[PDB]
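Working notes, structure below.
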Amino acid sequence: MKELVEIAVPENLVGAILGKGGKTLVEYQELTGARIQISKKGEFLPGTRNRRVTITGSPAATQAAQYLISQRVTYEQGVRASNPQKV
RNA sequence: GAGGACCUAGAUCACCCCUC
């Protein structure tokens with residue numbers, strides 16, 4: 001556990017942790033007490049289309065935050081790998 | 001808070017910044 005954790009979340013997947021108007025992101029912050037900061041649009045890790053997600057706070061809060069987010073991204077991937085994409 | 005900027009083939013953009 002550290003006070004600042006970073007994850008790289010594919011761009012087409014980042015909106016899942018942001019949510020409508022950012023209401024999900026805000027939710028995870030209220031629930032964990034940690035601050036989640038996502039890179040600005042168009043800003044990705046070099047040589048990729050992954051947005052940088054920066055989590056900060058107490059070690060316990062940054063770890064819960066990092067876990068719920070990754071869990072959230074992993075949940076999404078599954079649903080997207082099982083179900084048909086609406087268009 | 002609300003406009004805006006910044007990116008958008010689809011798969012959510014808060015925070016920061018600007019204006020009030």
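Naming convention: chains lettered A, B, ... in sequence-line order (proteins, then strands); numbering from 1 in each chain. These numbers come from the heavy atoms of this one structure, side chains and all, not from hydrogens, waters or symmetry mates.
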Contact list for RNA chain B against residues 50-61 of chain A - heavy-atom distance below 4.0 Å: A/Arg51
Please work out which residues in residues 73-87 of chain A have a non-hydrogen atom less than 4.0 Å from an atom of RNA chain B and list them by number. A/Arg80, A/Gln85
Which residues satisfy the side-chain hydrogen bond (donor to acceptor under 3.5 Å, both in side chains) test with A/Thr54, sequence neighbours excluded? none
Restricting to side-chain hydrogen bond (donor to acceptor under 3.5 Å, both in side chains), what partner residues turn up for A/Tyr75, sequence neighbours left out? none
Let me know the distance between [atom1] of [X] and [atom2] of [N], rounded to the nearest Å.
X       : N     : atom1 : atom2 : result
A/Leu18 : B/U8  : CG    : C1'   : 14 Å
A/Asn12 : B/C13 : CG    : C1'   : 14 Å
A/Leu13 : B/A11 : CG    : P     : 13 Å
A/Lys20 : B/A14 : NZ    : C1'   : 13 Å
A/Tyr28 : B/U12 : OH    : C1'   : 13 Å
A/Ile69 : B/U12 : CD1   : P     : 16 Å
A/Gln37 : B/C15 : CD    : P     : 10 Å
A/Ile38 : B/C17 : CD1   : P     : 17 Å

Answer with yes or no whether the hydrophobic clustering places A/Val5 together with A/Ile38; edges join I, L, V, M, F, W, Y residues whose side-chain heavy atoms lie under 4.5 Å apart. no
From [X] [atom1] over to [Y] [atom2], what is the distance, rounded to the nearest 0.5 angstrom?
X       : Y       : atom1 : atom2 : value
A/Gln37 : A/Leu25 : CD    : CG    : 8.5 Å
A/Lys23 : A/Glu30 : NZ    : CD    : 12.5 Å
A/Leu68 : A/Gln63 : CG    : CD    : 9.0 Å
A/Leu18 : A/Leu13 : CG    : CG    : 11.5 Å
A/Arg51 : A/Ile7  : CZ    : CD1   : 12.5 Å
A/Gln29 : A/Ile55 : CD    : CD1   : 9.5 Å

Using a 4.0 Å heavy-atom cut-off across all strands, classify [X] as base, sugar-phosphate, or nothing.
X       : value
A/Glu11 : base
A/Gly19 : base
A/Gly22 : sugar-phosphate
A/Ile36 : base

For the [atom1] atoms, the ones on [N] and on [M], what distance do you get once it is rounded to whole angstrom?
N     : M     : atom1 : answer
B/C15 : B/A5  : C1'   : 14 Å
B/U19 : B/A9  : P     : 30 Å
B/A11 : B/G1  : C1'   : 28 Å
B/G10 : B/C20 : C1'   : 35 Å
B/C18 : B/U8  : P     : 24 Å
B/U12 : B/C7  : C1'   : 14 Å
B/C6  : B/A14 : P     : 14 Å

Would you give a per-nucleotide map of nucleotides 2-7 of chain B, 5' to 3', where B means the base has a protein non-hydrogen atom under 4.0 Å away, S means only the sugar-phosphate does, and - means neither? ----BB
Determine whether A/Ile36 and A/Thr56 satisfy the following criterion, side-chain contact (heavy atoms from CB on, under 4.5 Å), listing intermediate values before the conclusion. CA-CA 7 Å; A/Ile36 305 171; A/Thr56 56; over 6 Å; no
Salt bridge present between A/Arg49 and A/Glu11 (N-O < 4.0 angstrom): no
Can you check whether A/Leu45's main-chain N or O pairs, donor with acceptor, with A/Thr48's side chain at less than 3.5 Å? no
Does A/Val53 offer a backbone N or O that forms a donor-acceptor pair with the side chain of A/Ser39 under 3.5 Å?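 No, because the side chain of A/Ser39 does not come within donor-acceptor range (under 3.5 Å) of the backbone of A/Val53.
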Minimum side-chain heavy-atom gap A/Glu6-A/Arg52 below 4.5 Å: yes
Quick test: give all pairs of protein nitrogen or oxygen and nucleotides 18-20 of chain B nitrogen or oxygen below 3.5 Å, distance rounded to 0.1 Å.
none

